[PDB]
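**Q** I'd like to ask some things about the structure below.
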Amino acid sequence: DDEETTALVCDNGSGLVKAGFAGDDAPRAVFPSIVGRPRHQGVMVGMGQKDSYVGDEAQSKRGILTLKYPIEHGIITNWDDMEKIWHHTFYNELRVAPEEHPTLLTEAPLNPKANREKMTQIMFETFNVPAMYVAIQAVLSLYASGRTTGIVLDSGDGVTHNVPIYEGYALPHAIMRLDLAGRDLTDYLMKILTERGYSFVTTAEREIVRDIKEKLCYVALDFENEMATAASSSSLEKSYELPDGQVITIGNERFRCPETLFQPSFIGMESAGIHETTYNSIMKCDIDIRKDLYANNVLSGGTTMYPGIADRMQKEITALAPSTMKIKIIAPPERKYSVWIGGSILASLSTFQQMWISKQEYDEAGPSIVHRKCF
Amino acid sequence: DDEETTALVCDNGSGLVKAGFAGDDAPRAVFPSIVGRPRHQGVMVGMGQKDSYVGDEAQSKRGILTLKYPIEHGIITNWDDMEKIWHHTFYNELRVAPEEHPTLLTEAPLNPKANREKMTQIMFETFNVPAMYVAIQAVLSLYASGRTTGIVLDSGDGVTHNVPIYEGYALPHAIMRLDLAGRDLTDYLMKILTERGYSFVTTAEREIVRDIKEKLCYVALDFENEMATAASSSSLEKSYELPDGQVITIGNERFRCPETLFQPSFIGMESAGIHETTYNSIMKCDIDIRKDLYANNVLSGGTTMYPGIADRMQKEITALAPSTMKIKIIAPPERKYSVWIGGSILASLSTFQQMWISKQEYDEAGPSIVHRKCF
Amino acid sequence: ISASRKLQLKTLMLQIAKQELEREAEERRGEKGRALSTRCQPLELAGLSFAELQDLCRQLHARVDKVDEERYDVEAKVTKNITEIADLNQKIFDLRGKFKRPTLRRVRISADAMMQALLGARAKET
Amino acid sequence: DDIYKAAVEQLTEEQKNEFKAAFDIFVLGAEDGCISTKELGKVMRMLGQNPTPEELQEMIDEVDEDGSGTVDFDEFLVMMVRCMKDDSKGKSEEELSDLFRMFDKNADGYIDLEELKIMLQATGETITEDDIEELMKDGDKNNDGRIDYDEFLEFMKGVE
Amino acid sequence: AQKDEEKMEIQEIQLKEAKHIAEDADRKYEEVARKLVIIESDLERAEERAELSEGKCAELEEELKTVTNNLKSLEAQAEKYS
Amino acid sequence: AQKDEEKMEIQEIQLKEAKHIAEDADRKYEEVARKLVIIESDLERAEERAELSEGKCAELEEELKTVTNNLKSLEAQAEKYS
Amino acid sequence: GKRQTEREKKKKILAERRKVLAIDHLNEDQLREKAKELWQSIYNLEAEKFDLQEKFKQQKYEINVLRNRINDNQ
Ligand SMILES: Nc1ncnc2c1ncn2[C@@H]1O[C@H](COP(=O)(O)OP(=O)(O)O)[C@@H](O)[C@H]1O
Ligand SMILES: Nc1ncnc2c1ncn2[C@@H]1O[C@H](COP(=O)(O)OP(=O)(O)O)[C@@H](O)[C@H]1O
Ligand SMILES: [Ca+2]
Ligand SMILES: [Ca+2]
Ligand SMILES: [Ca+2]
Ligand SMILES: [Mg+2]
Ligand SMILES: [Mg+2]
């Protein structure tokens, strides 16, 4: 590289911040988005103890911290912590001053306006970027698949949203946003582990339960048969070693944790599972583009990485859909970073180079410029 | 040396007072903390007989004195005698007036407040020091090892306490203080020696029993095998010459005296040994710092100098702990003075130079200043 | 080479470095004074009509405004840089600190005192 | 350790003869006609100092290079001047940090041997390229061909 | 004779000190030897674990290659059927 | 005088015995300590090797599991396609 | 908000520096005095700016050293 100017494709997310320069294949730095103040007193003098460890540093000292995510469900609830996370991302994980780089944030659909306006105001006043643009997290995941149609189910860690798109024309009346995501699955797993004796309570042990969920849980192809099998044999019980020994054995908690996605009544949510909100999102579309959406169903986001979900979802939709249509579920192996790869592709386009919100435009219309033509 | 001002690192302890200027390797003057008034009548006139011999002088005239320690279990029970000991330490063993030197006392964890407040009031009113600071006896022993984590078992002569520390953040809810220490082992040895015919009763002969304990006793790697071996062969019987002749032969009393540490039921104490209170102190800590505490177990204090204790303790903890963790026991050769070396290091730090309790601060808030921010 | 020569070279290089540092610092000070004096020129407008005087007053007001804005922005940037520097310094100290505690020894008594103590009566000069 | 060699190196044969007479005074009648680390420990105990044997090992190993456990004439002088540590406090670390910052005129984070040459020419002492090569071998721990700042501290550690 | 007695007392004190020092050094030596025994045993166990894990890793590599080939074959079959 | 001479002679004999025993203990301790340090280095190398091998084995197991799941899915789909 | 807090704080400091130019009613000598005072203030600010520049260059080199040592801490 050299002259010229590259764009910063940041992607706030909720659970893992993924960032990197535009035009690559994978994000340069991926690290949890947690800011944890120490909670004990501290007796050693001169140890160089800081007041807040952010990012991946607080996943190593988590034994004496109180980690707290600054993004609850897509929306940002603690602006100071989010500013700290952004500052860390720019200066220590990429080491590029923001004064010389455009930024491309990402935002979930149907989010509060004030969140987006505050985001752009921060990026323009504190970090003082040249130009920033905010994009919907599902269109990027559709970019990365190399398609131009299809209905994308982006089940992140904060919020699961399902944006249908045809021929490049998004259908704003058919977006079905559901707030069940990876975090609720972690909490439900932590709640059903107590049925064997293992109690995880501290906010640090939520990370251990998350690791258990990632490494062991899988989505059952048929729920009742698995419940019957796990209750008779013992071929499912997989063991796992805690960060201090005392291995634990997970029985039928393995496929009961991610089953909450298809039956949100487990955690008390009323709505229908991710297998039926996709069909409802399709049926709201026009009658002539339903075949294409059926054939190009796209999966993205981290939580769709459970082993065996691309078959359960296809079976469910085939049960719901008319018998003639072909149901195909696109599940690329690079699912987790699909949104960021799409973001890189979009930022690398020449046609897109004039859509950025230039700073002089913000100076003339204020932060409310984001809702205007420069979307 | 010259200009400038050096700090006095005193360390009251219970059994041996260790003192010296900050910045050296070893304490300048180490002497027992006993004050013994004469008990007989005295007929020679003009012999220059004093009314109380303190320190190492009363270990040479102990034949006609009644030695009595002024510190029972960490706490101080006889304030006049303790003041006398401090006065001797400052004026005759170091020969530096306290009006021109900061002091750094040490105190066991979980001690009564009134003891600490009276200590600071004495140091500020009677000796009139410029500034004094009180530190927990285990953090210093952790300083001396050059670590910053680890769980330190400081088995002194008065009280055995077990303070776990991680990354410089002490865990106040996991301190396990047990009142079995070297003095109780001396009394138990003096009590089991009577099974062969040797009766030591006088408070002067307690010193002889202490010398026997120091020179002969050792900790058995396996207790039952040693009890069986000592009851068949005679390869263990080591003899020792009293201060007047009449050598004595110690049989299986050798490893039965220090075994009380791992089975406090011998002296009627209910609690568990020093091998199990360390494991309990670890298990109270968080689940993510248990590996580091397992790997950095530190020994300190005088009573941990028994030949063969660093192996017995490791065997016991390895039996208790999960099989995967590595158990390592740090036993530096300079164990006895570890607390004082750490105190010297702490007093020599530049970052610590503003933590002293300055005299004007005491004048404004009274002796209760010690519990405040200046801990 | 002999260790005495090496120590002499060490102290000589230290002195040379100190001399160069002081010389360059003084050079920087003199050049800074010259350049800054070049930047802002002294004025001479005594006895003029008060209209031009107040015009100059407003002009200098605005110039100070611009200069202060720039200087305060630079100061804020420098302070942020120093903050990052301190944070990185502490982080690096944490990463590879531990047993790097400096030590001092005083048990090494004066050699003449030790020889006198080992000798006794027959030690007067040696 | 070589620091004591440098310090004694300024002295002349008078100190050698003085220590010869001192050896006559102290080591007369010895079966070995020398001194060892165990011998030094025993004498110190008799003299009234009670150090740890680990320190005995630390001192003798720093001085016993040939494995004889003894003190060579030059090494005996170095040890006798080593017992008293006159050069304390090793100046100021921050001052040396600023000096080394001044050192990298190239401002590359590395030390160029050309600066070494200029500095030595400033010193003007009798030096060949071999002297500078030996000095670099002494200092350049990572063999980077420069003077690393940490290596700079080490080669100036305790150096007044 | 009295002066010779005093010298005898001095030699006795020296004997005491020498015996004490010899005992202490012997203690240090034997303790270090036993610790070396334990350390050698631990090192042996670590060698065994590392070698076994290396063998396991090689076998897993072979299984990976075979199952990868099977996956490629069934991919071709799937495309044909499509 | 006879008593004193006897005690002096026994003192000298015992003193020399003590000195030589102390020296032999020192030599043995030195040898054992050096061999102990060497064995410690060997143990550290064995431990790091074991860590490497276990990390590699974990990665291989994960890869094998993923490939096996993909194989099972493709097999079921091929049968249904026939 | 904290970003708004800082932005308003900078603006408030800026206004704080903004002394009231109320001098027309004064006389020629006093006007000269005020002008020279402002000239001296500018001189001081320039010196501060140059010091900031030199310290920033030193900061840059120090951060370079930090990155190098970080590389050394692999
Ligand atoms: N391999 C995996 N298997 C199962 N769940 C995973 C896996 N990787 C990540 N997850 C879940 O997905 C979440 C990360 O989702 P991510 O896509 O990073 O969210 P975001 O959209 O905020 O970036 C984690 O919290 C975790 O619960
Ligand atoms: N070499 C030794 N072997 C066995 N026990 C010892 C040894 N040295 C000291 N002790 C015991 O330790 C006690 C001294 O402990 P110390 O650490 O001085 O206590 P404090 O913490 O009050 O300073 C003595 O009473 C003695 O019983
Ligand atoms: Ca030698
Ligand atoms: Ca250079
Ligand atoms: Ca180097
Ligand atoms: Mg996402
Ligand atoms: Mg103590």
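Here's how to read the names in the structure tokens: chain A, B, ... by the order shown, residue numbers from 1 in each chain, ligand numbers from 1 in the order shown.
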Please identify all residues of chain B having at least one atom at most 12 Å from any atom of chain A, considering only C-alpha atoms, and return them as an NGL selection string.
**A** :B and (135-143 or 146-149 or 163-174 or 282-283 or 285-295 or 320-326 or 342 or 345-355 or 373-375)
**Q** Over all C-alpha pairs taken in order, what is the RMSD once chain F has been least-squares superposed onto chain E?
**A**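 For chain E versus chain F, the C-alpha RMSD is 2.3 Å.
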**Q** Using only C-alpha atoms, find the residues of chain D whose closest atom to chain F is at most 12 Å away, then write them as a ChimeraX atom specification.
**A** /D:31,36-39,42,53-54,56-57,61,67,69
**Q** Go ahead and save the picked residues with N, CA, C and O atoms, as a PDB file, in the first residue's frame.
**A**
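Full text of selection.pdb as output:
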ATOM      1  N   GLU D  31      47.522 -25.335  55.495  1.00  0.00           N
ATOM      2  CA  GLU D  31      47.980 -26.465  54.696  1.00  0.00           C
ATOM      3  C   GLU D  31      47.891 -26.171  53.202  1.00  0.00           C
ATOM      4  O   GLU D  31      48.674 -26.717  52.416  1.00  0.00           O
ATOM      5  N   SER D  36      39.547 -20.309  50.468  1.00  0.00           N
ATOM      6  CA  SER D  36      38.421 -20.826  49.706  1.00  0.00           C
ATOM      7  C   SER D  36      37.116 -20.238  50.238  1.00  0.00           C
ATOM      8  O   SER D  36      37.087 -19.578  51.281  1.00  0.00           O
ATOM      9  N   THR D  37      36.030 -20.488  49.506  1.00  0.00           N
ATOM     10  CA  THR D  37      34.724 -19.985  49.919  1.00  0.00           C
ATOM     11  C   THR D  37      34.300 -20.559  51.262  1.00  0.00           C
ATOM     12  O   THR D  37      33.782 -19.828  52.111  1.00  0.00           O
ATOM     13  N   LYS D  38      34.507 -21.859  51.472  1.00  0.00           N
ATOM     14  CA  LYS D  38      34.256 -22.427  52.790  1.00  0.00           C
ATOM     15  C   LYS D  38      35.190 -21.820  53.824  1.00  0.00           C
ATOM     16  O   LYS D  38      34.776 -21.528  54.954  1.00  0.00           O
ATOM     17  N   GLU D  39      36.458 -21.618  53.455  1.00  0.00           N
ATOM     18  CA  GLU D  39      37.396 -20.975  54.366  1.00  0.00           C
ATOM     19  C   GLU D  39      36.950 -19.563  54.702  1.00  0.00           C
ATOM     20  O   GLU D  39      36.985 -19.151  55.867  1.00  0.00           O
ATOM     21  N   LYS D  42      33.989 -19.738  57.094  1.00  0.00           N
ATOM     22  CA  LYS D  42      34.405 -20.090  58.448  1.00  0.00           C
ATOM     23  C   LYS D  42      35.093 -18.916  59.133  1.00  0.00           C
ATOM     24  O   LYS D  42      34.849 -18.648  60.316  1.00  0.00           O
ATOM     25  N   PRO D  53      25.161 -19.858  53.318  1.00  0.00           N
ATOM     26  CA  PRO D  53      26.051 -20.536  52.361  1.00  0.00           C
ATOM     27  C   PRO D  53      25.660 -20.306  50.915  1.00  0.00           C
ATOM     28  O   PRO D  53      26.521 -20.383  50.029  1.00  0.00           O
ATOM     29  N   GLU D  54      24.381 -20.036  50.649  1.00  0.00           N
ATOM     30  CA  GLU D  54      23.971 -19.667  49.298  1.00  0.00           C
ATOM     31  C   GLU D  54      24.706 -18.419  48.834  1.00  0.00           C
ATOM     32  O   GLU D  54      25.130 -18.330  47.677  1.00  0.00           O
ATOM     33  N   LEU D  56      27.641 -17.583  49.939  1.00  0.00           N
ATOM     34  CA  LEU D  56      28.998 -18.056  49.695  1.00  0.00           C
ATOM     35  C   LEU D  56      29.129 -18.582  48.275  1.00  0.00           C
ATOM     36  O   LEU D  56      30.081 -18.250  47.560  1.00  0.00           O
ATOM     37  N   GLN D  57      28.162 -19.397  47.850  1.00  0.00           N
ATOM     38  CA  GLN D  57      28.172 -19.922  46.490  1.00  0.00           C
ATOM     39  C   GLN D  57      28.053 -18.801  45.466  1.00  0.00           C
ATOM     40  O   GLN D  57      28.753 -18.800  44.450  1.00  0.00           O
ATOM     41  N   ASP D  61      31.187 -18.391  42.915  1.00  0.00           N
ATOM     42  CA  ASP D  61      30.915 -18.664  41.508  1.00  0.00           C
ATOM     43  C   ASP D  61      31.165 -17.434  40.653  1.00  0.00           C
ATOM     44  O   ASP D  61      31.711 -17.543  39.549  1.00  0.00           O
ATOM     45  N   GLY D  67      37.278 -22.960  38.207  1.00  0.00           N
ATOM     46  CA  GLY D  67      36.837 -24.070  39.016  1.00  0.00           C
ATOM     47  C   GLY D  67      37.743 -24.418  40.172  1.00  0.00           C
ATOM     48  O   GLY D  67      37.495 -25.422  40.846  1.00  0.00           O
ATOM     49  N   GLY D  69      38.097 -22.694  42.911  1.00  0.00           N
ATOM     50  CA  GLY D  69      37.509 -22.257  44.162  1.00  0.00           C
ATOM     51  C   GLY D  69      38.410 -21.312  44.930  1.00  0.00           C
ATOM     52  O   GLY D  69      38.147 -20.982  46.090  1.00  0.00           O
TER      53      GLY D  69
END
**Q** Can you work out which residues from chain C touch chain D at a cut-off of 8 Å (counting only C-alpha atoms) and hand them back as a CSV table (one decimal) with C-alpha atoms, in the first residue's frame?
**A**
chain,number,residue,atom,x,y,z
C,1,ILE,CA,40.7,-5.2,26.7
C,2,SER,CA,41.4,-4.3,30.3
C,3,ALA,CA,38.3,-3.4,32.4
C,4,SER,CA,39.8,-0.1,33.6
C,5,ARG,CA,40.0,1.1,30.0
C,6,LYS,CA,36.4,0.0,29.5
C,7,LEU,CA,35.2,1.9,32.6
C,9,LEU,CA,35.5,4.8,28.0
C,11,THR,CA,32.4,7.6,31.8
C,12,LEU,CA,34.0,9.4,28.8
C,13,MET,CA,31.0,8.5,26.6
C,14,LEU,CA,28.6,9.5,29.3
C,16,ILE,CA,30.3,13.3,25.8
C,17,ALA,CA,26.6,12.5,25.7
C,18,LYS,CA,25.9,15.0,28.4
C,20,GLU,CA,26.0,17.0,23.3
C,21,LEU,CA,22.7,17.0,25.0
C,108,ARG,CA,29.5,-5.3,53.3
C,109,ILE,CA,31.3,-3.5,56.1
C,110,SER,CA,34.2,-1.1,55.5
C,111,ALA,CA,37.2,-3.1,54.4
C,117,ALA,CA,38.7,-6.8,63.3
C,118,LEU,CA,40.5,-9.8,61.9
C,119,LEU,CA,43.9,-8.6,63.0
C,126,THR,CA,48.0,-2.1,57.5
**Q** With only C-alpha atoms and all ligand atoms counted, collect every polymer residue having an atom within 9 Å of ligand 5; state the result as a PyMOL selection string.
**A** chain D and resi 136+139-152
**Q** Pull out every residue of chain G sitting within 12 Å of chain A, counting only C-alpha atoms, and send them as a JSON list (two decimals) with N, CA, C and O atoms, in the first residue's frame.
**A**
[["chain", "number", "residue", "atom", "x", "y", "z"],
["G", 1, "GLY", "N", -24.29, 14.60, 27.71],
["G", 1, "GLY", "CA", -23.40, 13.48, 27.44],
["G", 1, "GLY", "C", -21.94, 13.85, 27.60],
["G", 1, "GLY", "O", -21.59, 15.02, 27.56],
["G", 2, "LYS", "N", -21.09, 12.83, 27.79],
["G", 2, "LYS", "CA", -19.67, 13.08, 28.02],
["G", 2, "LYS", "C", -19.02, 13.73, 26.80],
["G", 2, "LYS", "O", -18.18, 14.63, 26.96],
["G", 3, "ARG", "N", -19.37, 13.30, 25.59],
["G", 3, "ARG", "CA", -18.87, 13.98, 24.40],
["G", 3, "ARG", "C", -19.39, 15.41, 24.35],
["G", 3, "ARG", "O", -18.62, 16.35, 24.10],
["G", 4, "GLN", "N", -20.69, 15.59, 24.60],
["G", 4, "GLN", "CA", -21.24, 16.93, 24.71],
["G", 4, "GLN", "C", -20.61, 17.69, 25.86],
["G", 4, "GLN", "O", -20.36, 18.89, 25.74],
["G", 5, "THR", "N", -20.34, 17.00, 26.97],
["G", 5, "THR", "CA", -19.69, 17.65, 28.10],
["G", 5, "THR", "C", -18.33, 18.22, 27.70],
["G", 5, "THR", "O", -18.02, 19.37, 28.00],
["G", 6, "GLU", "N", -17.53, 17.43, 26.99],
["G", 6, "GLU", "CA", -16.21, 17.90, 26.57],
["G", 6, "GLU", "C", -16.33, 19.02, 25.54],
["G", 6, "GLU", "O", -15.56, 19.99, 25.58],
["G", 7, "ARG", "N", -17.24, 18.88, 24.59],
["G", 7, "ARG", "CA", -17.40, 19.89, 23.55],
["G", 7, "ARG", "C", -17.77, 21.23, 24.17],
["G", 7, "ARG", "O", -17.14, 22.27, 23.90],
["G", 8, "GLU", "N", -18.79, 21.22, 25.04],
["G", 8, "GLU", "CA", -19.19, 22.42, 25.75],
["G", 8, "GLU", "C", -18.09, 22.93, 26.68],
["G", 8, "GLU", "O", -17.96, 24.14, 26.84],
["G", 10, "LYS", "N", -14.82, 22.71, 26.13],
["G", 10, "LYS", "CA", -13.86, 23.40, 25.29],
["G", 10, "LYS", "C", -14.40, 24.76, 24.87],
["G", 10, "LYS", "O", -13.68, 25.76, 24.88],
["G", 63, "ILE", "N", 7.31, 6.62, 21.83],
["G", 63, "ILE", "CA", 6.34, 5.60, 21.43],
["G", 63, "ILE", "C", 6.98, 4.63, 20.45],
["G", 63, "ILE", "O", 6.66, 3.44, 20.43],
["G", 67, "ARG", "N", 7.09, 0.65, 21.05],
["G", 67, "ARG", "CA", 6.72, -0.37, 20.08],
["G", 67, "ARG", "C", 7.87, -1.34, 19.84],
["G", 67, "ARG", "O", 7.65, -2.55, 19.71]]
**Q** Using only C-alpha atoms, find which residues of chain G lie within 9 Å of chain C and jot them down as an MDAnalysis selection string.
**A** chainID G and resid 14 17:19 21 23:24 27:29 31:32 34:36 38:39 41:43 45:50 52:53 55:56 59:60 62:63 66 69:70 73
**Q** Which residues are near ligand 1 - at most 6 Å, using only C-alpha atoms and all ligand atoms? Format: as a list in words.
**A**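 Residues lying within 6 Å of ligand 1: residues 13, 14, 15, 16, 156, 157, 158, 182, 210, 214, 301, 302, 303, 305, 306 and 336 of chain A.
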**Q** Hey, can you spit out that residue selection with C-alpha atoms as a short mmCIF file (atom, residue, chain, number, x, y, z; two decimals), in the first residue's frame?
**A**
data_model
loop_
_atom_site.label_atom_id
_atom_site.label_comp_id
_atom_site.auth_asym_id
_atom_site.auth_seq_id
_atom_site.Cartn_x
_atom_site.Cartn_y
_atom_site.Cartn_z
CA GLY A 13 -21.71 -5.79 17.07
CA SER A 14 -22.66 -6.91 20.56
CA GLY A 15 -20.27 -9.43 22.05
CA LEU A 16 -17.36 -9.24 19.62
CA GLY A 156 -26.09 -12.21 16.14
CA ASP A 157 -25.40 -12.18 19.85
CA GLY A 158 -27.58 -9.22 20.69
CA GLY A 182 -26.82 -15.65 21.81
CA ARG A 210 -20.44 -19.11 27.04
CA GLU A 214 -19.77 -22.74 22.06
CA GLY A 301 -24.20 -14.08 12.34
CA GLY A 302 -22.38 -15.95 15.05
CA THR A 303 -25.26 -17.81 16.67
CA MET A 305 -22.84 -21.67 13.87
CA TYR A 306 -24.42 -24.45 15.91
CA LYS A 336 -19.20 -15.37 11.76
#
**Q** Considering only helix (DSSP H, G or I) as DSSP defines it on the backbone, what residues of segment 83-141 of chain A qualify? List them as a ChimeraX atom specification.
**A** /A:83-94,98-100,113-125,137-141
**Q** Return as JSON, numbers by chain every polymer residue, whether protein, DNA or RNA, with at least one atom no more than 9 Å from an atom of ligand 4; count only C-alpha atoms and all ligand atoms.
**A** {"D": [103, 104, 105, 106, 107, 108, 109, 110, 111, 112, 113, 114, 115, 146, 147]}
**Q** Could you turn the residues from that selection into a file that holds C-alpha atoms, as a PDB file, in the first residue's frame?
**A**
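Everything below was put into part-v2.pdb:
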ATOM      1  CA  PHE D 103      22.426   8.902  21.501  1.00  0.00           C
ATOM      2  CA  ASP D 104      20.169   7.804  18.627  1.00  0.00           C
ATOM      3  CA  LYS D 105      20.938  10.764  16.404  1.00  0.00           C
ATOM      4  CA  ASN D 106      19.583   8.673  13.536  1.00  0.00           C
ATOM      5  CA  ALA D 107      16.428   8.356  15.683  1.00  0.00           C
ATOM      6  CA  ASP D 108      15.885   4.789  14.501  1.00  0.00           C
ATOM      7  CA  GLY D 109      15.556   3.006  17.824  1.00  0.00           C
ATOM      8  CA  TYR D 110      18.942   1.410  17.138  1.00  0.00           C
ATOM      9  CA  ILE D 111      22.512   2.447  17.903  1.00  0.00           C
ATOM     10  CA  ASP D 112      24.884   2.847  14.968  1.00  0.00           C
ATOM     11  CA  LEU D 113      28.543   1.929  15.280  1.00  0.00           C
ATOM     12  CA  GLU D 114      29.352   5.169  13.456  1.00  0.00           C
ATOM     13  CA  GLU D 115      28.132   7.042  16.522  1.00  0.00           C
ATOM     14  CA  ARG D 146      23.509  -2.027  17.973  1.00  0.00           C
ATOM     15  CA  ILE D 147      23.107  -1.016  21.598  1.00  0.00           C
TER      16      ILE D 147
END
